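Asker: There's a structure below that I have some questions on.
Computed from the coordinates by the stated procedures, all read-outs in this text should not be read as laboratory data. Positions of Cβ are generated from backbone atoms using ideal geometry, with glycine treated the same way; all protein chains shown enter the neighbour counts.
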Amino acid sequence: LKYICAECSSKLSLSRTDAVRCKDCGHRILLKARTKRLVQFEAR
Amino acid sequence: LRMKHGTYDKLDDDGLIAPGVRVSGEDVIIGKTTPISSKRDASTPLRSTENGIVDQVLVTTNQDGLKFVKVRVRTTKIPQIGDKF
Amino acid sequence: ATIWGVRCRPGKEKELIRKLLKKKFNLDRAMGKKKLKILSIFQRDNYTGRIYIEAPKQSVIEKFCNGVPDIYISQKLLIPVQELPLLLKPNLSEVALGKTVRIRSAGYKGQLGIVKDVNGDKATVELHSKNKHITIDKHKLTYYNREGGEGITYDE
Amino acid sequence: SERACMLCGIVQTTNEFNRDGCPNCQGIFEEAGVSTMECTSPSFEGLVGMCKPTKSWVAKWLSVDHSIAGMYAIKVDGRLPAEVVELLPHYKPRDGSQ
RNA sequence: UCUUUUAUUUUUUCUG
Ligand SMILES: [Zn+2]
Ligand SMILES: [Zn+2]
């Protein structure tokens with residue numbers, strides 16, 4: 001997964017040279033999901 | 001060309017930093033190249049006096065069709081002595 | 001001799017005289033026996049921003065130049081008789097950098113961080129829980145792959 | 001497209017020359033046997049929006065007072081042909097020469 | 001064997 005939608009909240013996994021339009025809907029905010037990287041945070 | 005002092009390893013292949021990764025000091029968050037008639041980068045580094053976590057990132061197209069990006073960075077401010085109340 | 005110079009916007013002397021003169025044929029066709037007292041209108045390419053009209057009275061010229069856009073009728077001067085022959089003379093003119101790492105005997109134990117700069121014998125890492133850079137020797141720190149998982153010491 | 005006559009200075013479209021020739025110089029041009037294309041030129045400066053031949057003192061200087069109200073250039077580059085220069089002794093060059 | 005960038009002005013906001 002690379003990117004996700006706003007309303008449908010569906011994954012796109014698109015690449016460059018592609019329109020930012022969503023496929024399920026015309027709504028195209030096109031959020032980007034969290035990185036695969038493991039993240040450390042301490043309660044301090 | 002002229003790149004910034006920020007570390008470019010964090011940036012993804014699309015050139016945009018994903019949420020959940022730290023950006024600190026002058027670390028770049030948006031990777032920009034401004035070709036004219038060699039890549040001639042024109043990125044926007046992070047503020048030197050700011051540190052935090054990239055909270056959200058949004059990519060859209062403006063009315064002209066050009067690509068628009070908005071990157072929200074989150075940090076926690078705990079009270080210190082100099083804090084005003 | 002009644003030749004008066006009038007200011008107007010530069011670059012359109014041709015077009016302003018065109019509009020004036022076309023208007024004048026339209027008027028002269030329209031009127032009957034009485035026809036308005038304008039004798040000649042002209043300009044010069046060398047002297048831009050201005051036109052020169054020869055007519056007997058200021059109200060005649062004003063009445064004529066009503067309805068013409070862009071003409072600055074408010075600036076007119078009566079050119080003295082001596083200046084006219086000269087004006088009308090025919091002849092003018094390392095692998096540890098940028099990697100994720102953990103500390104294992106220090107006050108900041110268990111802190112993930114990212115290697116930013118190394119000065120030799122000591123590496124600077126930004127704490128992944130706090131907003132600070134800290135300097136600590138690399139041989140004593142453990143390096144991982146991009147993704148969390150198998151851990152290796154400083155031997156890559 | 002615009003062309004300027006070299007004798008009387010009347011300026012107008014090359015088209016309207018091709019239809020009606022030179023209204024002021026038609027007789028002289030026919031008598032000399034020269035078409036208006038040669039006695040007109042495209043290069044001209046110093047226009048005149050011309051109204052009163054009999055009353056314009058600018059026209060008295062420029063030798064237009066015997067012509068019709070019209071469209072006259074103070075300069076029109078070129079040398080007039082001899083077959084009309086001889087027949088109009090009172091003419092003078094319009095380029096400022098002579 | 002070092003160097004290496006952070007436009008300008010007009011406005012507004014508040015801080016002491
Ligand atoms: Zn959608
Ligand atoms: Zn003629």
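Okay, residues lined up against (1) within 14 Å of another protein chain (Cβ to nearest Cβ); (2) surrounded by 14 or more Cβ atoms within 10 Å (Cβ to Cβ):
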residue	(1), (2)
D:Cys25	no, yes
D:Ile28	no, yes
D:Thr36	no, yes
D:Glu45	yes, yes
D:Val48	yes, yes
D:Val58	yes, yes
D:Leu87	no, no
D:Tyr91	yes, yes
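Asker: Would the stretch C:110-133 turn up any residue that is under 30 Å from D:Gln98 (Cα atoms), exposed (fewer than 11 other Cβ atoms within 10 Å of the Cβ) and polar (S, T, N, Q)?
Answerer: The initial filter retains those residues of the stretch C:110-133 that are under 30 Å from D:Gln98 (Cα atoms), namely none.
No, the stretch C:110-133 has no match at all.
Asker: Take B:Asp64 and tell me if it is among the acidic types (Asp, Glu), exposed (fewer than 14 other Cβ atoms within 10 Å of the Cβ) and outside any loop (DSSP other than H, G, I, E, B). Reasoning before the result, please.
Answerer: Values: among the acidic types (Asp, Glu): yes; exposed (fewer than 14 other Cβ atoms within 10 Å of the Cβ): yes; outside any loop (DSSP other than H, G, I, E, B): no.
Considered against the rule, which asks whether it is among the acidic types (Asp, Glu), exposed (fewer than 14 other Cβ atoms within 10 Å of the Cβ) and outside any loop (DSSP other than H, G, I, E, B), B:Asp64 comes out as no.
Asker: Return the only residue of B:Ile36, B:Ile29 being away from ligand 1 (no atom under 16 Å from the Cβ) and in a strand (DSSP E or B). Explain how you work it out, then say what you get.
Answerer: On the way: B:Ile36 fails: in a strand (DSSP E or B).
Exactly one of B:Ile36, B:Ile29 is away from ligand 1 (no atom under 16 Å from the Cβ) and in a strand (DSSP E or B), namely B:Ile29.
Asker: Scan the stretch D:60-74 for residues that are crowded, with 22+ Cβ neighbours inside 10 Å and either within 16 Å of ligand 1 (Cβ to nearest atom) or closer than 12 Å to D:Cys5 by Cβ (or both) and jot them down.
Answerer: Listed by number, the residues that qualify are D:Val64, D:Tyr72, D:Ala73.
Asker: I'm told B:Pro79 meets every condition in (1) farther than 25 Å from C:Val125 by Cβ; (2) surrounded by 10 or more Cβ atoms within 10 Å (Cβ to Cβ) except one. Can you identify the failing condition by its number?
Answerer: It is condition (2) that B:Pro79 fails.
Asker: Return a yes/no flag: does the stretch A:10-21 have any residue that is assigned to a loop (DSSP other than H, G, I, E, B), of a type in the set (A, V, I, L, M) and near ligand 1 (Cβ under 9 Å from one of its atoms). If you could, list the steps in order and put the result at the bottom.
Answerer: As a first pass, look at the stretch A:10-21 and keep what is assigned to a loop (DSSP other than H, G, I, E, B): A:10, A:12-21.
Still in the running and of a type in the set (A, V, I, L, M): A:12, A:14, A:19-20.
Still in the list and also near ligand 1 (Cβ under 9 Å from one of its atoms): A:12.
The answer is yes, given that some residue of the stretch A:10-21 is assigned to a loop (DSSP other than H, G, I, E, B), of a type in the set (A, V, I, L, M) and near ligand 1 (Cβ under 9 Å from one of its atoms).
Asker: Working only within the stretch C:36-75, note down all residues that are closer than 18 Å to C:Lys24 by Cβ, touching a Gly at 6+ places or on another chain (Cβ under 9 Å) and not hydrophobic (A, V, I, L, M, F, W, C).
Answerer: Passing the criteria: C:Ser40, C:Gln43, C:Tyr52.
Asker: Go over the candidates A:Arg16, A:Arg21, A:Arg34 one by one and state the one that is charged (D, E, K, R), more than 14 Å from chain C (Cβ to nearest Cβ) and surrounded by 12 or more Cβ atoms within 10 Å (Cβ to Cβ). Don't jump to the end; show me each part of the working.
Answerer: Numbers: A:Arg16 fails: surrounded by 12 or more Cβ atoms within 10 Å (Cβ to Cβ); A:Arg34 fails: more than 14 Å from chain C (Cβ to nearest Cβ).
The conditions single out A:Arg21.
Asker: Then there is this: Name the pairs whose Cβ atoms lie under 6 Å apart, with the first residue in the stretch D:1-26 and over 21 Å from D:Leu62 (Cβ atoms), the second crowded, with 22+ Cβ neighbours inside 10 Å, and 6 or more positions between them or separate chains?
Answerer: D:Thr14/D:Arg3
Asker: Starting from residues that are farther than 21 Å from C:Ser129 by Cβ and outside any strand (DSSP E or B), keep the ones in the stretch B:39-55 and report whichever is nearest to the chain's Cα centre (by Cα).
Answerer: Let us first name the residues in the stretch B:39-55 that are farther than 21 Å from C:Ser129 by Cβ, namely B:39-45.
Imposing the further condition that a residue be outside any strand (DSSP E or B) reduces the set to B:39-40, B:42-43.
Working: B:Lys39: 19, B:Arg40: 17, B:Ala42: 12, B:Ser43: 8 Å.
Taking the candidates together, the pick is B:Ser43.
Asker: I've got another one for you. Does B:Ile30 fit the bill of being among the β-branched types (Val, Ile, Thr), under 12 Å from the mean Cα position of the chain (by Cα) and farther than 22 Å from C:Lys132 by Cβ?
Answerer: yes
Asker: Here's a follow-up. Condition first: under 53 Å from the mean Cα position of the chain (by Cα), of a type in the set (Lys, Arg) and more than 12 Å from chain B (Cβ to nearest Cβ). Now tell me which residues in the stretch C:93-138 satisfy that.
Answerer: Correct list: C:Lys122 only.
Asker: In the stretch B:1-53, which residues are β-branched (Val, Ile, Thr), within 16 Å of RNA strand E (Cβ to nearest atom) and more than 21 Å from C:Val115 (Cβ to Cβ)?
Answerer: Filtering the stretch B:1-53 down to residues β-branched (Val, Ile, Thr) leaves B:7, B:17, B:21, B:23, B:28-30, B:33-34, B:36, B:44, B:49, B:53.
Restricting the remaining residues to those that are within 16 Å of RNA strand E (Cβ to nearest atom) gives B:7, B:23, B:28-30, B:33-34, B:44, B:49.
Hits for the stretch B:1-53 are B:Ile30, B:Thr33, B:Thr34, B:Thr44, B:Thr49.
Asker: Do we find that B:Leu58 is within 29 Å of C:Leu127 (Cβ to Cβ), within 16 Å of ligand 1 (Cβ to nearest atom) and either part of a loop (DSSP other than H, G, I, E, B) or touching a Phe, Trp or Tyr at 6+ places or on another chain (Cβ under 9 Å) (or both) in this structure? Lay out the reasoning, then the answer.
Answerer: Numbers: within 29 Å of C:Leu127 (Cβ to Cβ): yes; within 16 Å of ligand 1 (Cβ to nearest atom): yes; either part of a loop (DSSP other than H, G, I, E, B) or touching a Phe, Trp or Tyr at 6+ places or on another chain (Cβ under 9 Å) (or both): yes.
In short, yes.
Asker: So B:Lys10 fits all but one of (1) away from every other protein chain (no Cβ under 13 Å); (2) buried (at least 17 other Cβ atoms within 10 Å of the Cβ); (3) among the basic types (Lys, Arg); what number is the exception?
Answerer: (1)
Asker: Would you mention how many residues in the stretch B:13-58 are under 26 Å from A:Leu12 (Cα atoms), surrounded by 14 or more Cβ atoms within 10 Å (Cβ to Cβ) and within 14 Å of chain C (Cβ to nearest Cβ)?
Answerer: Looking only at that region, the number is 9.
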